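For reference, query_25.txt is printed below; it contains compact mmCIF, C-alpha atoms.
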# COMPACT_ATOMS: atom_id res chain seq x y z
CA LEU A 302 10.68 -56.25 23.27
CA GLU A 303 9.11 -59.37 24.78
CA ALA A 304 7.56 -59.55 28.23
CA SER A 305 9.08 -62.85 29.38
CA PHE A 306 11.58 -65.33 27.97
CA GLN A 307 13.24 -68.30 29.64
CA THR A 308 16.96 -67.80 30.29
CA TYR A 309 17.80 -71.25 31.72
CA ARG A 310 17.93 -74.89 30.66
CA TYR A 311 16.97 -77.70 33.04
CA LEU A 312 19.40 -80.58 33.58
CA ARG A 313 18.28 -81.34 37.16
CA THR A 314 14.58 -80.51 37.36
CA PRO A 315 13.22 -80.10 40.90
CA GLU A 316 11.43 -83.20 42.14
CA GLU A 317 9.93 -84.58 45.33
CA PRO A 318 12.72 -85.81 47.63
CA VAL A 319 12.49 -89.41 48.78
CA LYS A 320 14.41 -89.08 52.07
CA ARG A 321 14.64 -86.32 54.66
CA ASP A 322 18.02 -84.67 55.19
CA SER A 323 17.11 -83.20 58.60
CA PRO A 324 16.58 -85.29 61.75
CA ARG A 325 17.52 -88.63 60.19
CA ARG A 326 16.38 -90.19 63.43
CA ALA A 327 18.54 -93.30 63.02
CA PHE A 328 21.66 -91.14 62.69
CA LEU A 329 20.75 -89.16 65.82
CA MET A 330 19.69 -92.37 67.58
CA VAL A 331 23.06 -94.09 67.17
CA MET A 332 25.27 -91.00 67.52
CA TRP A 333 24.18 -89.52 70.85
CA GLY A 334 23.39 -92.97 72.24
CA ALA A 335 27.00 -94.08 71.77
CA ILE A 336 28.36 -90.83 73.25
CA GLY A 337 26.76 -91.55 76.62
CA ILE B 39 22.99 -93.62 81.15
CA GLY B 40 22.97 -94.36 77.43
CA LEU B 41 19.19 -94.80 77.42
CA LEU B 42 18.69 -91.31 78.87
CA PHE B 43 20.78 -89.73 76.10
CA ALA B 44 18.97 -91.89 73.55
CA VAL B 45 15.62 -90.60 74.80
CA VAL B 46 16.94 -87.02 74.77
CA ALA B 47 18.07 -87.38 71.15
CA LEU B 48 14.73 -88.98 70.22
CA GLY B 49 12.83 -86.07 71.75
CA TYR B 50 15.12 -83.56 70.04
CA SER B 51 14.42 -85.26 66.71
CA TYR B 52 10.69 -85.13 67.43
CA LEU B 53 10.95 -81.41 68.27
CA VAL B 54 13.17 -80.14 65.43
CA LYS B 55 11.30 -78.98 62.33
CA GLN B 56 11.68 -81.46 59.48
CA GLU B 57 13.57 -80.08 56.47
CA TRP B 58 13.11 -81.75 53.08
CA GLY B 59 15.43 -80.64 50.30
CA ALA B 60 14.95 -80.38 46.54
CA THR B 61 17.96 -79.98 44.25
CA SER B 62 18.06 -78.54 40.73
CA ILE B 63 20.95 -77.91 38.34
CA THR B 64 20.74 -75.61 35.33
CA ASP B 65 22.77 -74.70 32.25
CA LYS B 66 22.81 -72.05 29.54
CA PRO B 67 19.56 -71.53 27.60
CA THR B 68 18.87 -72.63 24.06
CA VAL B 69 18.91 -70.14 21.20
CA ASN B 70 15.29 -70.94 20.34
CA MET B 71 13.95 -70.22 23.83
CA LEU B 72 15.66 -66.82 24.11
CA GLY B 73 13.08 -65.41 21.71
CA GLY B 74 13.35 -62.12 19.87
CA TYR B 75 15.96 -60.97 22.39
CA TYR B 76 18.50 -62.96 20.38
CA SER B 77 17.77 -60.88 17.28
CA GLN B 78 17.56 -57.64 19.27
CA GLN B 79 21.03 -58.18 20.73
CA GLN B 80 22.57 -59.20 17.41
CA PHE B 81 21.25 -56.01 15.82
CA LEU B 82 23.02 -54.15 18.63
CA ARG B 83 26.37 -55.96 18.66
CA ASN B 84 26.81 -58.03 15.49
CA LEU B 85 26.41 -54.99 13.21
CA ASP B 86 26.16 -51.69 15.05
CA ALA B 87 29.05 -51.62 17.53
CA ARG B 88 31.70 -53.45 15.51
CA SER B 89 31.03 -51.77 12.16
CA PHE B 90 30.31 -48.21 13.34
CA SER B 91 32.77 -47.98 16.25
CA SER B 92 35.53 -50.60 15.79
CA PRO B 93 35.89 -51.19 19.56
CA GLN B 94 37.52 -54.61 19.15
CA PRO B 95 36.22 -56.08 22.45
CA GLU B 96 36.01 -59.65 23.73
CA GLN B 97 32.49 -60.58 24.81
CA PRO B 98 30.69 -63.84 25.66
CA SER B 99 27.80 -65.30 23.70
CA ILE B 100 24.28 -63.91 24.01
CA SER B 101 23.10 -67.15 25.62
CA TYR C 52 21.11 -113.46 50.96
CA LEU C 53 18.73 -110.56 51.71
CA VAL C 54 20.41 -107.69 49.83
CA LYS C 55 19.29 -107.26 46.22
CA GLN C 56 21.97 -108.40 43.79
CA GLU C 57 23.40 -105.61 41.63
CA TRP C 58 25.13 -106.50 38.36
CA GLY C 59 26.97 -103.71 36.59
CA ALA C 60 27.60 -103.04 32.90
CA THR C 61 30.22 -100.49 31.85
CA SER C 62 30.47 -98.60 28.56
CA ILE C 63 32.90 -95.92 27.36
CA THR C 64 32.24 -93.64 24.40
CA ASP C 65 34.08 -91.12 22.24
CA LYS C 66 33.29 -88.47 19.64
CA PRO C 67 31.21 -89.58 16.64
CA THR C 68 32.48 -90.14 13.13
CA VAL C 69 31.82 -87.59 10.39
CA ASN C 70 29.97 -90.18 8.30
CA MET C 71 27.49 -91.11 11.05
CA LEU C 72 26.53 -87.50 11.81
CA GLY C 73 24.52 -87.43 8.58
CA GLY C 74 23.24 -84.32 6.86
CA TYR C 75 23.64 -82.40 10.11
CA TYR C 76 27.32 -82.05 9.23
CA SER C 77 26.45 -80.23 6.01
CA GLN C 78 23.67 -78.22 7.68
CA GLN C 79 26.07 -76.89 10.32
CA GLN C 80 28.83 -76.12 7.82
CA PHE C 81 26.38 -74.07 5.75
CA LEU C 82 25.64 -72.14 8.95
CA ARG C 83 29.19 -71.59 10.25
CA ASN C 84 31.75 -72.31 7.53
CA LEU C 85 30.27 -69.72 5.16
CA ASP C 86 27.47 -67.64 6.67
CA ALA C 87 28.76 -66.39 10.03
CA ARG C 88 32.43 -65.85 9.17
CA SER C 89 31.93 -64.26 5.75
CA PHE C 90 28.83 -62.14 6.46
CA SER C 91 29.58 -61.09 10.06
CA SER C 92 33.34 -61.42 10.72
CA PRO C 93 32.82 -62.43 14.39
CA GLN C 94 36.25 -64.07 14.72
CA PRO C 95 35.22 -66.64 17.36
CA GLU C 96 36.88 -69.83 18.61
CA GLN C 97 34.60 -72.85 18.36
CA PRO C 98 35.06 -76.62 18.61
CA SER C 99 34.48 -79.08 15.78
CA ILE C 100 30.98 -80.12 14.74
CA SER C 101 31.65 -83.67 15.93
CA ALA C 102 33.16 -82.28 19.13
CA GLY C 103 30.03 -80.22 19.79
CA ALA C 104 27.73 -83.15 19.07
CA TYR C 105 29.72 -85.34 21.46
CA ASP C 106 29.72 -82.60 24.09
CA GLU C 107 25.94 -82.37 23.96
CA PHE C 108 25.64 -86.17 24.01
CA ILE C 109 27.74 -86.22 27.18
CA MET C 110 25.68 -83.39 28.66
CA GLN C 111 22.44 -85.30 28.03
CA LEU C 112 24.02 -88.62 29.07
CA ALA C 113 24.94 -87.55 32.61
CA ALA C 114 21.83 -85.36 32.91
CA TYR C 115 19.48 -86.46 35.68
CA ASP C 116 16.32 -85.73 33.68
CA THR C 117 17.39 -88.12 30.91
CA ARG C 118 17.88 -90.87 33.48
CA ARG C 119 14.48 -90.19 35.07
CA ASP C 120 12.75 -90.30 31.69
CA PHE C 121 14.57 -93.51 30.71
CA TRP C 122 13.65 -95.26 33.96
CA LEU C 123 10.08 -94.00 33.58
CA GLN C 124 9.74 -95.35 30.03
CA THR C 125 11.23 -98.81 30.60
CA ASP C 126 9.49 -102.06 31.48
CA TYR C 127 12.12 -102.74 34.15
CA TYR C 128 10.42 -100.12 36.35
CA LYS C 129 6.76 -100.56 35.37
CA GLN C 130 6.78 -104.26 36.32
CA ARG C 131 8.54 -103.48 39.62
CA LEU C 132 5.87 -100.97 40.67
CA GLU C 133 3.95 -101.79 43.85
CA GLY C 134 1.47 -98.92 44.09
CA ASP C 135 2.50 -96.91 47.14
CA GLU C 136 3.65 -93.45 46.07
CA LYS C 137 6.46 -93.36 48.64
CA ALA C 138 7.75 -96.77 47.55
CA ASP C 139 7.43 -95.85 43.87
CA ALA C 140 9.40 -92.62 44.33
CA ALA C 141 12.08 -94.37 46.40
CA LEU C 142 12.46 -97.09 43.78
CA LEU C 143 12.73 -94.52 40.98
CA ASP C 144 15.37 -92.55 42.90
CA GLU C 145 17.36 -95.74 43.54
CA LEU C 146 17.11 -96.78 39.88
CA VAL C 147 18.33 -93.40 38.63
CA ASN C 148 21.14 -93.28 41.20
CA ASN C 149 22.08 -96.72 39.86
CA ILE C 150 23.39 -95.12 36.66
CA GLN C 151 26.79 -93.52 37.25
CA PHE C 152 28.90 -91.34 34.96
CA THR C 153 32.63 -90.61 34.90
CA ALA C 154 33.89 -87.74 32.74
CA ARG C 155 37.12 -87.91 30.78
CA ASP C 156 40.23 -86.32 32.27
CA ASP C 157 42.88 -85.10 29.84
CA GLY C 158 45.60 -85.68 32.44
CA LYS C 159 45.07 -89.44 32.28
CA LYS C 160 43.66 -89.13 28.70
CA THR C 161 40.73 -91.40 29.50
CA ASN C 162 37.26 -91.44 27.93
CA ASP C 163 33.73 -90.73 29.14
CA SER C 164 32.23 -93.80 30.80
CA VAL C 165 28.84 -94.87 32.14
CA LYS C 166 27.94 -97.73 34.47
CA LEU C 167 24.45 -99.20 34.80
CA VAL C 168 23.28 -101.39 37.68
CA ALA C 169 20.43 -103.89 37.38
CA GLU C 170 19.18 -106.99 39.16
CA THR C 171 20.28 -109.37 36.38
CA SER C 172 23.11 -109.29 33.86
CA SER C 173 20.87 -109.39 30.79
CA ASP C 174 18.90 -106.39 32.01
CA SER C 175 22.18 -104.79 33.11
CA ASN C 176 23.52 -104.68 29.57
CA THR C 177 20.26 -104.30 27.61
CA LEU C 178 19.15 -101.33 29.71
CA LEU C 179 22.56 -99.69 29.30
CA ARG C 180 22.35 -100.00 25.51
CA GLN C 181 18.81 -98.60 25.50
CA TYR C 182 19.87 -95.74 27.78
CA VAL C 183 22.76 -94.79 25.49
CA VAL C 184 20.40 -94.84 22.50
CA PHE C 185 17.89 -92.67 24.39
CA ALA C 186 20.58 -90.15 25.34
CA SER C 187 21.79 -90.01 21.73
CA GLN C 188 18.23 -89.43 20.52
CA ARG C 189 17.71 -86.58 22.99
CA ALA C 190 21.05 -85.00 22.04
CA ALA C 191 20.16 -85.22 18.35
CA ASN C 192 16.78 -83.60 19.00
CA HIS C 193 18.40 -80.76 20.94
CA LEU C 194 20.98 -80.18 18.20
CA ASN C 195 18.22 -80.12 15.58
CA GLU C 196 16.30 -77.50 17.59
CA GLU C 197 19.47 -75.41 17.89
CA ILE C 198 19.99 -75.60 14.12
CA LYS C 199 16.41 -74.48 13.50
CA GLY C 200 16.73 -71.51 15.86
CA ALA C 201 20.04 -70.36 14.40
Spit out the file's structure as C-alpha cells when you get a sec.
Amino acid sequence: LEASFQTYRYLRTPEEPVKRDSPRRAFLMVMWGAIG
Amino acid sequence: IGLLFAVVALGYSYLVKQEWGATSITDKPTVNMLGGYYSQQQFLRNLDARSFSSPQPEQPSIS
Amino acid sequence: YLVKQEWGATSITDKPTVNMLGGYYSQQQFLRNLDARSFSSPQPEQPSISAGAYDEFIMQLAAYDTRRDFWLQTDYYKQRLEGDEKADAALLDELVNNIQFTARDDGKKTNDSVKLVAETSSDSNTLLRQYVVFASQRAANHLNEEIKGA
C-alpha cells in the first residue's frame, strides 16, 4: 500500500479572484438608493 | 431621503465582512497518478472475483 | 469611442481522422483490441479511439487552465502588461473570459465551437489558431501519459 496518491485532476485550478463577490459597493449604492 | 438610504447602504457595505471567492472544478484522475493502487485493485477485481466467484456484477472504473 | 473594441473569431471542430492520429492509433489497438479483451474478458463498452481523442481535446479546449496557460504564454498579454498586480490579474481574467466554448448538442446535431475575442481581427484569428494548436498539444500529451500508465 502507498501512503498518499492523488485522486483528482485539475481543470479549474484555484486562483486569486480579481473581483469581490460580497459588498459590491456599486450594486448596494444604486439598489438601496433607488428604493428610497 | 434617498441620500440617507444611500449613506446607510454605504455604511452597511463598510461594516460587512468582505468575502472573496475562489472556484475550482475537478475531474477523474489519470491512471498514472493513481499509483500502485491501480494494480492492487486490478489484482482484486480483474482476476480474483470474476474468475474464482463468477459474480457477474456491473462496476465502474477504478479511476 | 471609449470602450475597447472586441473582434471575434469563431471555429467549430469535429473528431479527428484515423490517418492524422498517427501511431497512437496502433498503440491503443495493441492495448485494447487484443490485450484487455482476450487476456481479461472485462466485457466493457468503450468509445472509438478517435472519439476518445476528440473527447479529451474538447475537455482540454474548454478547460480554464489551458486558457490561462495560453494567455500567459502569448505576446498579446506580455506586451499589454502594465506592472500593477491587480491590473495584471484583472487583465488576465478578462482575456481568459474572452474565450468562450459551446458544446455540441445531439438534439440539434451541432458541433463543438469556440469563440475568441481580441482587440484586432488579425490577433482575433491568429490567437484562436494558436489556442486550438495548444489545446491539441496538451490533449496529445495527456493521451500519451495515459498510454504509458496503462
Each residue of chain B with at least one atom at most 9 Å from chain C should appear once, together with its nearest atom pair and the corresponding distance in Å (one decimal); atoms considered: only C-alpha atoms; ordering: chain, then increasing residue number; output as JSON lines.
{"residue": "B:68", "atom": "CA", "partner": "C:197", "partner_atom": "CA", "distance": 6.8}
{"residue": "B:69", "atom": "CA", "partner": "C:200", "partner_atom": "CA", "distance": 5.9}
{"residue": "B:70", "atom": "CA", "partner": "C:200", "partner_atom": "CA", "distance": 4.7}
{"residue": "B:71", "atom": "CA", "partner": "C:200", "partner_atom": "CA", "distance": 8.5}
{"residue": "B:84", "atom": "CA", "partner": "C:91", "partner_atom": "CA", "distance": 6.8}
{"residue": "B:85", "atom": "CA", "partner": "C:91", "partner_atom": "CA", "distance": 7.6}
Which residue, B:83, B:67, B:76, B:99, has the smallest gap to chain A when you use all atoms listed in the file? B:67
With only C-alpha atoms considered, list every residue of chain A at most 6 Å from chain C, as a PDB file with C-alpha atoms, in the frame of the given file.
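The resulting selection_3.pdb:
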ATOM      1  CA  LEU A 312      19.400 -80.580  33.580  1.00  0.00           C
ATOM      2  CA  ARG A 313      18.280 -81.340  37.160  1.00  0.00           C
ATOM      3  CA  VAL A 319      12.490 -89.410  48.780  1.00  0.00           C
TER       4      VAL A 319
END
Exercise answer, chain A residues close to chain B, 7 Å and only C-alpha atoms, as an mmCIF file with C-alpha atoms, in the frame of the given file:
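Listed below is the output, iface.cif:
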data_model
loop_
_atom_site.group_PDB
_atom_site.id
_atom_site.type_symbol
_atom_site.label_atom_id
_atom_site.label_comp_id
_atom_site.auth_asym_id
_atom_site.auth_seq_id
_atom_site.Cartn_x
_atom_site.Cartn_y
_atom_site.Cartn_z
ATOM 1 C CA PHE A 306 11.580 -65.330 27.970
ATOM 2 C CA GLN A 307 13.240 -68.300 29.640
ATOM 3 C CA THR A 308 16.960 -67.800 30.290
ATOM 4 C CA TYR A 309 17.800 -71.250 31.720
ATOM 5 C CA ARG A 310 17.930 -74.890 30.660
ATOM 6 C CA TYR A 311 16.970 -77.700 33.040
ATOM 7 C CA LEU A 312 19.400 -80.580 33.580
ATOM 8 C CA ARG A 313 18.280 -81.340 37.160
ATOM 9 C CA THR A 314 14.580 -80.510 37.360
ATOM 10 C CA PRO A 315 13.220 -80.100 40.900
ATOM 11 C CA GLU A 316 11.430 -83.200 42.140
ATOM 12 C CA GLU A 317 9.930 -84.580 45.330
ATOM 13 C CA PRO A 318 12.720 -85.810 47.630
ATOM 14 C CA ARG A 321 14.640 -86.320 54.660
ATOM 15 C CA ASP A 322 18.020 -84.670 55.190
ATOM 16 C CA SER A 323 17.110 -83.200 58.600
ATOM 17 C CA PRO A 324 16.580 -85.290 61.750
ATOM 18 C CA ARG A 326 16.380 -90.190 63.430
ATOM 19 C CA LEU A 329 20.750 -89.160 65.820
ATOM 20 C CA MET A 330 19.690 -92.370 67.580
ATOM 21 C CA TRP A 333 24.180 -89.520 70.850
ATOM 22 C CA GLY A 334 23.390 -92.970 72.240
ATOM 23 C CA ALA A 335 27.000 -94.080 71.770
ATOM 24 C CA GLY A 337 26.760 -91.550 76.620
#
Take CA of residue 175 in chain C and CA of residue 148 in chain C and report the distance between them in Å, one decimal.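 Calculated distance between CA of residue 175 in chain C and CA of residue 148 in chain C is 14.1 Å.
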As a check of understanding: the span from CA of residue 120 in chain C to CA of residue 151 in chain C is 15.4 Å
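Note that the spacing between CA of residue 127 in chain C and CA of residue 173 in chain C amounts to 11.5 Å.
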Write out as number ranges by chain each polymer residue whose atoms come within 10 Å of residue 100 in chain C, counting only C-alpha atoms; drop sequence neighbours fewer than 2 positions from it. C: 66-67, 69, 72, 75-77, 79-80, 83, 97-98, 102-106
Because some atoms of range 60-91 of chain B are absent here, can you restore N, CA and C atoms and send them as a JSON list (two decimals), in the coordinates of the input?
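Final output, saved to selection-v6.json:
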[["chain", "number", "residue", "atom", "x", "y", "z"],
["B", 60, "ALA", "N", 15.05, -80.13, 47.97],
["B", 60, "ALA", "CA", 14.95, -80.38, 46.54],
["B", 60, "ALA", "C", 16.11, -79.70, 45.83],
["B", 61, "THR", "N", 16.74, -80.43, 44.92],
["B", 61, "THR", "CA", 17.96, -79.98, 44.25],
["B", 61, "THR", "C", 17.71, -79.87, 42.75],
["B", 62, "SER", "N", 18.15, -78.76, 42.17],
["B", 62, "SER", "CA", 18.06, -78.54, 40.73],
["B", 62, "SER", "C", 19.39, -78.04, 40.21],
["B", 63, "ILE", "N", 19.73, -78.40, 38.97],
["B", 63, "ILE", "CA", 20.95, -77.91, 38.34],
["B", 63, "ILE", "C", 20.59, -77.44, 36.94],
["B", 64, "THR", "N", 21.13, -76.29, 36.56],
["B", 64, "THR", "CA", 20.74, -75.61, 35.33],
["B", 64, "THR", "C", 21.97, -75.33, 34.47],
["B", 65, "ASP", "N", 21.72, -75.04, 33.20],
["B", 65, "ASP", "CA", 22.77, -74.70, 32.25],
["B", 65, "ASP", "C", 22.28, -73.57, 31.36],
["B", 66, "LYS", "N", 23.11, -73.20, 30.38],
["B", 66, "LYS", "CA", 22.81, -72.05, 29.54],
["B", 66, "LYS", "C", 21.59, -72.33, 28.66],
["B", 67, "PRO", "N", 20.80, -71.31, 28.35],
["B", 67, "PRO", "CA", 19.56, -71.53, 27.60],
["B", 67, "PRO", "C", 19.82, -71.79, 26.13],
["B", 68, "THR", "N", 18.82, -72.39, 25.49],
["B", 68, "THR", "CA", 18.87, -72.63, 24.06],
["B", 68, "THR", "C", 18.64, -71.34, 23.29],
["B", 69, "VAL", "N", 19.11, -71.31, 22.05],
["B", 69, "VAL", "CA", 18.91, -70.14, 21.20],
["B", 69, "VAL", "C", 17.43, -69.94, 20.90],
["B", 70, "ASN", "N", 16.70, -71.04, 20.70],
["B", 70, "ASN", "CA", 15.29, -70.94, 20.34],
["B", 70, "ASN", "C", 14.47, -70.31, 21.45],
["B", 71, "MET", "N", 14.75, -70.67, 22.70],
["B", 71, "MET", "CA", 13.95, -70.22, 23.83],
["B", 71, "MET", "C", 14.30, -68.81, 24.30],
["B", 72, "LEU", "N", 15.36, -68.21, 23.77],
["B", 72, "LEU", "CA", 15.66, -66.82, 24.11],
["B", 72, "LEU", "C", 14.70, -65.85, 23.43],
["B", 73, "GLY", "N", 14.04, -66.27, 22.36],
["B", 73, "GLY", "CA", 13.08, -65.41, 21.71],
["B", 73, "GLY", "C", 13.72, -64.27, 20.93],
["B", 74, "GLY", "N", 12.91, -63.25, 20.67],
["B", 74, "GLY", "CA", 13.35, -62.12, 19.87],
["B", 74, "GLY", "C", 14.52, -61.37, 20.47],
["B", 75, "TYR", "N", 14.78, -61.57, 21.76],
["B", 75, "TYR", "CA", 15.96, -60.97, 22.39],
["B", 75, "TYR", "C", 17.22, -61.32, 21.63],
["B", 76, "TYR", "N", 17.32, -62.56, 21.13],
["B", 76, "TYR", "CA", 18.50, -62.96, 20.38],
["B", 76, "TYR", "C", 18.72, -62.04, 19.18],
["B", 77, "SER", "N", 17.65, -61.78, 18.42],
["B", 77, "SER", "CA", 17.77, -60.88, 17.28],
["B", 77, "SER", "C", 18.01, -59.44, 17.72],
["B", 78, "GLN", "N", 17.42, -59.02, 18.83],
["B", 78, "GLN", "CA", 17.56, -57.64, 19.27],
["B", 78, "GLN", "C", 18.92, -57.34, 19.88],
["B", 79, "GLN", "N", 19.66, -58.37, 20.30],
["B", 79, "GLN", "CA", 21.03, -58.18, 20.73],
["B", 79, "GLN", "C", 22.01, -58.29, 19.58],
["B", 80, "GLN", "N", 21.70, -59.12, 18.58],
["B", 80, "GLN", "CA", 22.57, -59.20, 17.41],
["B", 80, "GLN", "C", 22.51, -57.93, 16.59],
["B", 81, "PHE", "N", 21.34, -57.31, 16.47],
["B", 81, "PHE", "CA", 21.25, -56.01, 15.82],
["B", 81, "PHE", "C", 22.09, -54.96, 16.54],
["B", 82, "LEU", "N", 22.30, -55.14, 17.84],
["B", 82, "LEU", "CA", 23.02, -54.15, 18.63],
["B", 82, "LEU", "C", 24.52, -54.38, 18.66],
["B", 83, "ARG", "N", 24.96, -55.64, 18.58],
["B", 83, "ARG", "CA", 26.37, -55.96, 18.66],
["B", 83, "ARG", "C", 26.94, -56.44, 17.33],
["B", 84, "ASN", "N", 26.27, -57.39, 16.68],
["B", 84, "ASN", "CA", 26.81, -58.03, 15.49],
["B", 84, "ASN", "C", 27.01, -57.05, 14.34],
["B", 85, "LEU", "N", 26.24, -55.97, 14.28],
["B", 85, "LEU", "CA", 26.41, -54.99, 13.21],
["B", 85, "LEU", "C", 26.76, -53.61, 13.71],
["B", 86, "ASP", "N", 26.05, -53.10, 14.71],
["B", 86, "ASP", "CA", 26.16, -51.69, 15.05],
["B", 86, "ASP", "C", 27.52, -51.37, 15.66],
["B", 87, "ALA", "N", 27.85, -52.00, 16.79],
["B", 87, "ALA", "CA", 29.05, -51.62, 17.53],
["B", 87, "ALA", "C", 30.31, -51.87, 16.72],
["B", 88, "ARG", "N", 30.46, -53.09, 16.19],
["B", 88, "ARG", "CA", 31.70, -53.45, 15.51],
["B", 88, "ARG", "C", 31.91, -52.62, 14.25],
["B", 89, "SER", "N", 30.86, -52.45, 13.44],
["B", 89, "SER", "CA", 31.03, -51.77, 12.16],
["B", 89, "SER", "C", 31.12, -50.26, 12.30],
["B", 90, "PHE", "N", 30.38, -49.67, 13.24],
["B", 90, "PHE", "CA", 30.31, -48.21, 13.34],
["B", 90, "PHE", "C", 31.13, -47.64, 14.48],
["B", 91, "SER", "N", 31.86, -48.48, 15.22],
["B", 91, "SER", "CA", 32.77, -47.98, 16.25],
["B", 91, "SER", "C", 34.14, -48.63, 16.25]]
